[PDB]
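Before any questions on how it binds or moves, here is one chain, the form deposited in one PDB entry, in structure tokens.
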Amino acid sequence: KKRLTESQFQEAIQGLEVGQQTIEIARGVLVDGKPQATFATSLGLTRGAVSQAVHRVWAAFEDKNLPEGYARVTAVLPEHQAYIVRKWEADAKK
């Protein structure tokens, strides 16, 4: 169970193109710790829809909290360079 403080939630949704329903679901789950099931029930949504709603806000938070100084990069690379990049990632993981 991923959780956010209100401060972290405010950061997550600042500038985010997100509707009121998604905000309410995400706050209830991530900030208040309520089950996603409660919103699926009350809003007449599939479990997958509620899962995606929480994920949209979580993903936004993650994008604003990358390690200090780090950049996301995407590139088409030859085999040996692609290997090096994946190994930088793998070694950073563990």
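All residue numbers refer to positions in the sequence shown, first residue = 1. Superpose the two forms; the largest set of C-alphas matching within 1.5 Å is the rigid core. Residues that one form lacks are left out of the comparison.
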| item | value |
| --- | --- |
| Average Cα temperature factor in the PDB entry - higher stretch of 73-81, 21-29 | 73-81 |
| Third assignment of residue 47 from its chain's C-alpha B-factors | lowest |
| CA B-factor placement of residue 64, once the chain's modelled residues are sorted into thirds | highest |
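Just so you know, the form deposited in another entry exists too; it's not on screen, but the next bit is about it.
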query	finding
Residue 73 and residue 59, C-alpha gap in the other form relative to this structure (3 Å or more)	closer
Pair residue 69/residue 7, Cα separation in the other form versus the displayed form, closer or farther by 3 angstroms or more	farther
Where the chain shifts between the shown form and the other one once the rigid core is fitted, runs of at least 3 with Cα moving 2 Å or more	68-94
